[PDB]
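Novice: What follows is query33.csv; its format and atoms are CSV, C-alpha atoms (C1' of nucleotides) and all ligand atoms.
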```csv
chain,number,residue,atom,x,y,z
A,1,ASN,CA,-25.3,-4.2,23.5
A,2,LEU,CA,-24.4,-0.5,23.6
A,3,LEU,CA,-26.3,-0.3,26.9
A,4,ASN,CA,-23.5,-2.2,28.6
A,5,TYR,CA,-20.8,0.0,27.0
A,6,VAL,CA,-18.5,1.8,29.4
A,7,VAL,CA,-16.0,4.3,28.1
A,8,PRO,CA,-12.5,2.9,28.5
A,9,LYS,CA,-10.3,4.7,31.0
A,10,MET,CA,-7.5,6.3,29.0
A,11,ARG,CA,-4.6,8.7,29.4
A,12,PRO,CA,-4.2,10.2,25.9
A,13,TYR,CA,-2.6,13.4,27.2
A,14,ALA,CA,1.1,12.6,27.6
A,15,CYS,CA,3.5,15.0,29.4
A,16,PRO,CA,5.7,16.6,26.6
A,17,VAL,CA,8.8,16.4,28.8
A,18,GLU,CA,10.7,13.4,27.4
A,19,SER,CA,12.0,12.3,30.8
A,20,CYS,CA,8.5,12.3,32.3
A,21,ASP,CA,6.1,9.4,31.9
A,22,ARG,CA,3.0,11.1,33.2
A,23,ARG,CA,-0.1,10.8,31.1
A,24,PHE,CA,-3.6,12.2,31.9
A,25,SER,CA,-7.2,11.7,31.0
A,26,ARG,CA,-8.1,15.3,30.5
A,27,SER,CA,-6.1,18.1,28.8
A,28,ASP,CA,-6.7,20.6,31.5
A,29,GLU,CA,-5.1,18.0,33.9
A,30,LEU,CA,-1.9,17.9,31.8
A,31,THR,CA,-1.7,21.7,31.5
A,32,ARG,CA,-1.6,22.0,35.3
A,33,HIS,CA,1.0,19.3,35.6
A,34,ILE,CA,3.3,20.8,33.1
A,35,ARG,CA,3.5,23.8,35.4
A,36,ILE,CA,5.4,21.5,37.9
A,37,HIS,CA,8.2,21.4,35.4
A,38,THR,CA,8.1,25.0,34.3
A,39,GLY,CA,7.6,26.4,37.8
A,40,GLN,CA,4.9,28.7,36.3
A,41,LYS,CA,2.4,30.5,38.6
A,42,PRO,CA,0.1,32.4,36.2
A,43,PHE,CA,-2.4,33.4,38.9
A,44,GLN,CA,-2.0,36.3,41.2
A,45,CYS,CA,-3.9,37.7,44.2
A,46,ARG,CA,-4.5,41.4,43.5
A,47,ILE,CA,-4.2,41.9,47.3
A,48,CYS,CA,-1.0,40.4,48.5
A,49,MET,CA,0.3,39.9,44.9
A,50,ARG,CA,1.2,36.3,45.7
A,51,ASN,CA,1.5,33.9,42.7
A,52,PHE,CA,-0.1,30.5,42.4
A,53,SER,CA,0.1,27.6,39.9
A,54,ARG,CA,-3.6,26.8,40.0
A,55,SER,CA,-6.6,29.0,39.9
A,56,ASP,CA,-8.6,27.1,42.5
A,57,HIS,CA,-5.8,27.4,45.1
A,58,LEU,CA,-5.7,31.1,44.5
A,59,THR,CA,-9.5,31.5,44.8
A,60,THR,CA,-9.3,29.6,48.1
A,61,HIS,CA,-6.4,31.9,49.3
A,62,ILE,CA,-8.1,35.2,48.3
A,63,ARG,CA,-11.3,34.5,50.3
A,64,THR,CA,-9.2,34.7,53.5
A,65,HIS,CA,-7.9,38.3,53.0
A,66,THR,CA,-11.1,39.6,54.5
B,1,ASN,CA,11.3,25.6,24.8
B,2,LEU,CA,9.0,24.1,27.3
B,3,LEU,CA,7.9,27.4,28.7
B,4,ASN,CA,6.0,28.1,25.4
B,5,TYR,CA,4.3,24.7,25.3
B,6,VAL,CA,0.5,24.5,25.1
B,7,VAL,CA,-1.2,21.2,24.9
B,8,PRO,CA,-2.4,20.7,21.3
B,9,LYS,CA,-6.1,20.2,20.8
B,10,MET,CA,-7.2,16.7,20.1
B,11,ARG,CA,-10.1,14.3,20.4
B,12,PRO,CA,-9.1,10.8,21.6
B,13,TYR,CA,-12.5,9.6,22.8
B,14,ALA,CA,-14.3,8.1,19.8
B,15,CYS,CA,-17.9,6.9,19.6
B,16,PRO,CA,-18.0,3.1,19.4
B,17,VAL,CA,-20.9,3.2,17.0
B,18,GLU,CA,-19.5,2.1,13.6
B,19,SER,CA,-21.7,4.5,11.8
B,20,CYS,CA,-20.7,7.4,13.9
B,21,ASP,CA,-17.5,9.5,13.3
B,22,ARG,CA,-17.7,11.6,16.5
B,23,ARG,CA,-14.6,12.1,18.7
B,24,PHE,CA,-14.3,14.2,21.8
B,25,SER,CA,-11.5,15.7,23.9
B,26,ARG,CA,-13.0,14.4,27.1
B,27,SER,CA,-14.7,11.1,28.0
B,28,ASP,CA,-17.5,12.8,29.9
B,29,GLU,CA,-18.4,14.4,26.6
B,30,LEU,CA,-18.6,11.0,24.9
B,31,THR,CA,-20.5,9.4,27.8
B,32,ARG,CA,-23.2,12.0,27.1
B,33,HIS,CA,-23.1,11.6,23.4
B,34,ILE,CA,-23.7,7.8,23.5
B,35,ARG,CA,-27.1,8.5,25.1
B,36,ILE,CA,-28.1,9.9,21.7
B,37,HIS,CA,-27.7,6.4,20.3
B,38,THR,CA,-29.4,4.6,23.1
B,39,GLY,CA,-32.1,7.3,23.8
B,40,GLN,CA,-31.4,6.9,27.5
B,41,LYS,CA,-32.9,9.6,29.8
B,42,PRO,CA,-31.5,8.7,33.3
B,43,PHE,CA,-32.2,12.0,35.2
B,44,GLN,CA,-35.8,12.3,36.2
B,45,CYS,CA,-37.5,15.2,38.0
B,46,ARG,CA,-39.2,14.1,41.2
B,47,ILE,CA,-41.7,16.9,41.0
B,48,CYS,CA,-43.1,16.2,37.5
B,49,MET,CA,-41.7,12.8,36.6
B,50,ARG,CA,-40.1,14.3,33.5
B,51,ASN,CA,-37.0,12.6,32.2
B,52,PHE,CA,-33.9,14.2,30.7
B,53,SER,CA,-30.8,12.9,29.0
B,54,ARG,CA,-28.5,15.2,30.9
B,55,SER,CA,-28.1,16.3,34.5
B,56,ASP,CA,-27.2,19.9,33.8
B,57,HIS,CA,-30.5,20.2,31.9
B,58,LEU,CA,-32.6,18.5,34.6
B,59,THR,CA,-31.0,20.8,37.2
B,60,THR,CA,-32.0,23.9,35.4
B,61,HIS,CA,-35.5,22.4,34.7
B,62,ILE,CA,-36.0,21.7,38.4
B,63,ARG,CA,-35.9,25.5,38.9
B,64,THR,CA,-38.9,26.3,36.8
B,65,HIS,CA,-41.1,24.8,39.6
B,66,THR,CA,-40.0,27.3,42.1
C,1,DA,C1',0.9,24.5,49.8
C,2,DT,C1',-0.3,22.0,45.8
C,3,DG,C1',-1.1,18.1,42.9
C,4,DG,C1',-4.3,14.1,40.4
C,5,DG,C1',-8.8,13.4,39.3
C,6,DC,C1',-13.2,14.7,37.8
C,7,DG,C1',-18.1,16.3,38.7
C,8,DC,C1',-21.5,20.0,38.5
C,9,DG,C1',-23.3,23.2,35.8
C,10,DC,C1',-22.4,27.4,32.7
C,11,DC,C1',-22.1,29.2,27.7
C,12,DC,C1',-24.4,29.1,23.7
C,13,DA,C1',-26.1,27.3,19.6
C,14,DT,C1',-30.1,23.9,18.5
D,1,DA,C1',-35.0,21.4,24.4
D,2,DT,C1',-30.7,19.4,24.3
D,3,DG,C1',-26.0,19.0,22.2
D,4,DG,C1',-20.8,20.0,22.0
D,5,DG,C1',-17.0,22.4,24.8
D,6,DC,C1',-15.0,23.1,28.7
D,7,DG,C1',-14.0,25.9,33.3
D,8,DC,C1',-14.7,26.5,38.3
D,9,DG,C1',-14.2,24.4,42.4
D,10,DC,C1',-14.4,20.6,45.4
D,11,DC,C1',-12.2,16.2,47.6
D,12,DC,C1',-8.3,14.7,49.6
D,13,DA,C1',-3.7,13.5,49.7
D,14,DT,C1',0.6,16.2,49.3
A,101,ZN,ZN,5.6,15.6,33.4
A,102,ZN,ZN,-3.2,37.3,48.8
A,103,ZN,ZN,-21.9,8.5,18.1
A,104,ZN,ZN,-40.2,19.0,36.7
```
Will you turn the file into structure tokens for me?
Specialist:
Amino acid sequence: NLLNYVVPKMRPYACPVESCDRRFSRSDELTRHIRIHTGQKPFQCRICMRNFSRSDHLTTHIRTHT
Amino acid sequence: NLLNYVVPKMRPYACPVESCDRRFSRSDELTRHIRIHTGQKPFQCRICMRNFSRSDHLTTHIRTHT
DNA sequence: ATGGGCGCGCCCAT
DNA sequence: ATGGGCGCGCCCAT
């Protein structure tokens, strides 16, 4: 029955770096991880102008300025 | 050049229904979709007893009582 | 500080 | 209404 069907846990999103075996369930997850290798921090606090790799961690940090 | 890498768009989560050709990028998209085949409406409003197939839709509905 | 995992609920067309 | 797409933000270990 299709009532007992559970979507199989998968990791279709494989890290593009040949020497890295990480795979993820969601694409947004992989995109964040790739920043570990590139050292990219696309987010910035317009206050202290500090850069972050994740948007959530920046949001968290900005709420503390005042 | 890894710095220019962007995860290509894909849809690895396919509907198990043989007569359905739908594929999603995320599994939570597919878990929702399969309720179209089963007609399941799990989220019920405790104020009016009305049933919905999705929790985001119920959530918004719950607000029409206030 | 920052990463893996992923749920809640928005956008917007139906 | 109710479906596909998908981002914000939380949880909790790093
Ligand atoms: Zn990797
Ligand atoms: Zn700052
Ligand atoms: Zn289907
Ligand atoms: Zn109601």
Novice: Could you tell me which of A:25, A:64, A:38, A:44 comes closest to chain C if we count all atoms listed in the file?
Specialist: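 For chain C, the nearest of the candidates is A:25.
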Novice: Return as a PyMOL selection string every polymer residue, whether protein, DNA or RNA, with at least one atom no more than 9 Å from an atom of ligand ZN 102 (chain A); count only C-alpha atoms (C1' of nucleotides) and all ligand atoms.
Specialist: chain A and resi 44-51+58+61-65
Novice: Kindly determine which residues of chain B lie within 10 Å of chain C, considering only C-alpha atoms (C1' of nucleotides), and give the answer as a list in words.
Specialist: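 Taking only C-alpha atoms (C1' of nucleotides) into account, residues 28, 55, 56, 57, 59 and 60 of chain B sit within 10 Å of chain C.
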Novice: Rounded to one decimal in Å, what is the spacing between atom CA of residue 19 of chain B and atom CA of residue 14 of chain A?
Specialist: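 Atom CA of residue 14 of chain A lies at a distance of 28.9 Å from atom CA of residue 19 of chain B.
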Novice: Residues contacting ligand ZN 101 (chain A) - anything with an atom at most 12 Å away, using all atoms listed in the file - can you give me those as a PyMOL selection string?
Specialist: (chain A and resi 13-24+29-39) or (chain B and resi 2) or (chain C and resi 3)
Novice: Quick one: of A:42, A:66, A:27, A:4, who's nearest to chain B, counting only C-alpha atoms?
Specialist: A:27
Novice: Find the distance between atom CA of residue 40 of chain A and atom CA of residue 7 of chain B and write it in Å to one decimal.
Specialist: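 These atoms are spaced 14.9 Å apart.
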Novice: Would you compute the distance between atom CA of residue 26 of chain B and atom CA of residue 53 of chain A? Give it in Å to one decimal.
Specialist: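 Between these atoms lies a distance of 22.6 Å.
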Novice: Just checking: using all atoms listed in the file, which residue out of B:6, B:52, B:11, B:41 ends up closest to ligand ZN 104 (chain A)?
Specialist: B:52
